[PDB]
Amino acid sequence: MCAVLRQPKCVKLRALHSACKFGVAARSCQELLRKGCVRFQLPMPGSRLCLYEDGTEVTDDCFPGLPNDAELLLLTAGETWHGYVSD
């Protein structure tokens, strides 16, 4: 029973509308997301996020258990991210 977290999760919050990212770490991955949409300010409407792993697309509310150092990028209808592949 129970479920203590013996390992904080980290996520790189990069932003295409900026010049860098924000490697934020936190035990409850839910904390990294919220604080993520905050320092980056990403509203659900007229906005959108995407995984920088290979150009995937996701939102700050659709991130269940992101992987370690989850790569997230800020984006919006006025922005877009191709992907991190070689094709």
# chains A, B, ... in the order shown; residues from 1 in each chain; ligands from 1
call {"tool": "select_by_dssp", "arguments": {"residues": "chain A", "states": "alpha helix (DSSP H)", "output": "JSON, numbers by chain"}}
result
{"A": [29, 30, 31, 32, 33, 34, 35, 36, 37, 38, 39]}
call {"tool": "residues_around", "arguments": {"residues": "stretch 72-83 of chain A", "least_positions_apart": "6", "cutoff": "10 Å", "atoms": "only C-alpha atoms", "output": "PyMOL selection string"}}
result
chain A and resi 11-18+21-23+33+36-37+40-60+63+66
call {"tool": "write_last_selection", "arguments": {"atoms": "C-alpha atoms", "output": "mmCIF file, in the first residue's frame"}}
result
data_model
loop_
_atom_site.group_PDB
_atom_site.id
_atom_site.type_symbol
_atom_site.label_atom_id
_atom_site.label_comp_id
_atom_site.auth_asym_id
_atom_site.auth_seq_id
_atom_site.Cartn_x
_atom_site.Cartn_y
_atom_site.Cartn_z
ATOM 1 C CA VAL A 11 11.462 17.908 -17.176
ATOM 2 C CA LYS A 12 13.201 20.345 -19.554
ATOM 3 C CA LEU A 13 10.684 23.132 -20.263
ATOM 4 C CA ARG A 14 12.050 24.607 -23.515
ATOM 5 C CA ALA A 15 10.200 27.392 -25.372
ATOM 6 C CA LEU A 16 10.293 28.233 -29.100
ATOM 7 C CA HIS A 17 9.140 31.792 -28.318
ATOM 8 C CA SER A 18 12.207 32.222 -26.076
ATOM 9 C CA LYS A 21 14.429 26.200 -21.457
ATOM 10 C CA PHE A 22 13.846 25.537 -17.738
ATOM 11 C CA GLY A 23 14.972 22.166 -16.338
ATOM 12 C CA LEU A 33 3.661 20.660 -15.296
ATOM 13 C CA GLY A 36 5.623 24.767 -16.151
ATOM 14 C CA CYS A 37 2.477 26.344 -17.645
ATOM 15 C CA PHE A 40 5.907 29.780 -19.452
ATOM 16 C CA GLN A 41 2.258 30.914 -19.333
ATOM 17 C CA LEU A 42 0.503 28.464 -21.686
ATOM 18 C CA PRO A 43 -3.282 28.744 -21.893
ATOM 19 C CA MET A 44 -5.280 25.792 -23.277
ATOM 20 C CA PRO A 45 -6.969 27.853 -25.993
ATOM 21 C CA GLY A 46 -4.903 29.725 -28.612
ATOM 22 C CA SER A 47 -1.897 27.677 -27.437
ATOM 23 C CA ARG A 48 -0.320 24.194 -27.478
ATOM 24 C CA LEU A 49 2.780 22.271 -26.344
ATOM 25 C CA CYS A 50 4.862 19.557 -28.049
ATOM 26 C CA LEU A 51 7.431 16.939 -26.988
ATOM 27 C CA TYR A 52 10.911 17.942 -28.223
ATOM 28 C CA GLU A 53 11.920 14.252 -28.263
ATOM 29 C CA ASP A 54 10.977 13.912 -31.952
ATOM 30 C CA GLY A 55 8.445 16.691 -32.631
ATOM 31 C CA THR A 56 5.493 15.113 -30.787
ATOM 32 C CA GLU A 57 2.506 17.292 -29.798
ATOM 33 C CA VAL A 58 0.972 17.431 -26.300
ATOM 34 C CA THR A 59 -0.585 19.863 -23.786
ATOM 35 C CA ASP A 60 0.193 20.808 -20.167
ATOM 36 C CA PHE A 63 0.910 14.962 -19.521
ATOM 37 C CA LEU A 66 6.123 12.184 -18.385
#
